[PDB]
Amino acid sequence: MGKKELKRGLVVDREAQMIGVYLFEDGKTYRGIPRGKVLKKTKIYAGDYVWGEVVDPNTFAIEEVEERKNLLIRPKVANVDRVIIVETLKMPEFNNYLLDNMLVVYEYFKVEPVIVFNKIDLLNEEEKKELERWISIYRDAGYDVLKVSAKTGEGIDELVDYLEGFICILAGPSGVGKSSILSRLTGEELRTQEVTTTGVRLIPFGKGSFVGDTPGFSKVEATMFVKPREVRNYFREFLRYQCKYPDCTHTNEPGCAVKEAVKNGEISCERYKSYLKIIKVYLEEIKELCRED
Ligand SMILES: Nc1nc2c(ncn2[C@@H]2O[C@H](COP(=O)(O)OP(=O)(O)O)[C@@H](O)[C@H]2O)c(=O)[nH]1
Ligand SMILES: [Cl-]
Ligand SMILES: [Zn+2]
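For the sequence shown, my numbering assigns the number 64 to the initial residue and increments by one for each residue that follows.
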């Protein structure tokens with residue numbers, strides 16, 4: 064009456080001047096038009112949830128922007144529920160140190176990762192066992208991990224179920240299959256540059272999910288975004304110990320609980336070594352903690 068017909072939408076397209084809004088009520092995308100003065104020093108990004116009014120079959124007047132829970136810087140997208148870090152045991156060769164760096168970075172940006180090992184169709188019997196070994200390490204560390212083959216399609220349905228209702232972004236090094244997976248999910252190709260004015264686009268797919276058509280990080284050094292002294296707050300399996308020993312850096316402290324956990328097999332030598340490498344600390348003691356595997 065004096066009140067507007069407010070409806071909820073999601074910004075799925077954001078280029079220079081334009082805003083594309085996916086209206087949840089009908090699944091249609093409308094041209095979004097901000098309405099108001101605070102509302103233009105109010106930055107609106109892909110991923111932002113908005114409330115507004117449908118003005119006509121092709122236009123939606125944006126009245127409010129919901130507070131966002133996170134904001135990634137590549138691509139520039141708000142409210143990401145899962146960063147899908149695509150990895151492969153081989154082709155390319157898995158690099159656990161770089162995956163650990165990437166996990167630290169996404170934990171810092173406050174986005175939950177899901178590790179997806181692709182190309183399982185290429186593995187021999189011994190490689191399958193090695194892959195299971197890495198999967199156990201990451202699951203024990205506290206992360207969700209899935210296996211898929213974008214080539215055969217195996218595991219893709221399980222991934223779609225896992226991603227229900229989520230806004231997602233694909234990340235991982237070149238060649239792991241990010242574009243192949245996006246193709247399985249949406250029939251679309253991952254956008255790059257030219258074999259600079261791209262924009263961000265979220266593509267609806269599966270059970271009410273959305274995935275970006277541009278990727279997240281490929282290979283990243285955690286300290287480009289996280290202070291070295293803060294890296295320890297982003298190793299998931301360290302957190303229970305840090306709750307009782309808030310100041311322990313897990314470096315030269317002789318009775319460090321994390322080192323004890325590594326010695327007893329509760330924390331993997333692989334993850335602990337990545338931690339020390341990231342903060343650039345060499346410990347002679349590592350030879351005594353890591354010698355069984
Ligand atoms: N054998 C096999 N090859 C795959 C699979 N997924 C992708 N590929 C191939 O891996 C290569 C790189 O895939 P692409 O999607 O471009 O990787 P991206 O650089 O991470 O986007 C291409 O030749 C894909 O056809 C898979 O599950 N099994
Ligand atoms: Cl500790
Ligand atoms: Zn410690």
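Where is the CB? At the ideal position from N, CA and C, for every residue including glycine.
First and last residue of the uninterrupted alpha helix (DSSP H) at residue i
i, result
"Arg247", "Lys241 to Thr249"
"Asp163", "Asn159 to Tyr171"
"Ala320", "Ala320 to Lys326"
"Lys192", "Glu188 to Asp203"
Straight-line gap, residue i to residue j (C-alpha atoms, nearest Å)
i, j, result
"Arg196", "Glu127", "48 Å"
"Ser237", "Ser281", "7 Å"
"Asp119", "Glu257", "37 Å"
"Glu227", "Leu346", "44 Å"
"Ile349", "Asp220", "42 Å"
"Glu323", "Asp356", "15 Å"
"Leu134", "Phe301", "25 Å"
"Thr255", "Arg292", "34 Å"
"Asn187", "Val283", "29 Å"
"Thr261", "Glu351", "51 Å"
"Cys311", "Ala204", "19 Å"
Buried versus exposed, by CB contacts within 10 Å (16 or more), residue i
i, result
"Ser331", "buried"
"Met165", "buried"
"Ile341", "buried"
"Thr259", "exposed"
"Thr151", "buried"
"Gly318", "exposed"
"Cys306", "exposed"
Limits of the unbroken beta strand (DSSP E) element including residue i
i, result
"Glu116", "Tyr112 to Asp119"
"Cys231", "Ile230 to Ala234"
"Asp144", "Per DSSP, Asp144 belongs to no beta strand (DSSP E) and is neither H nor E."
"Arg264", "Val263 to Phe268"
"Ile82", "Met81 to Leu86"
Neighbourhood of residue i by C-beta distance below 6 Å, restricted to the same chain and skipping five residues each side
i, result
"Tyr297", "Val167, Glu170 and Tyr171"
"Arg71", "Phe87 and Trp114"
"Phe229", "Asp144, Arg145 and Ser272"
"residue 371", "Because the chain is modelled from 64 through 356, residue 371 falls outside the range shown and cannot be assessed."
"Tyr304", "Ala320 and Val321"
Proximal residues to residue i (C-beta, below 7 Å), its chain only, five neighbours per side dropped
i, result
"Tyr85", "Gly72, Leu73, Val75, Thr92 and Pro267"
"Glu333", "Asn159 and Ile200"
"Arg137", "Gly279 and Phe280"
"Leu209", "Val177, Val179, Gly218, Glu221, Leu222 and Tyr225"
Close Cβ partners of residue i (< 8 Å) along its chain, the five nearest in sequence each way excluded
i, result
"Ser242", "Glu252 and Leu253"
"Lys343", "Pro291"
Which residues have their C-beta within less than 6 Å of a heavy atom of ligand 2, listed in chain order?
-> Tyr304, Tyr308, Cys311, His313, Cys319, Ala320 and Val321
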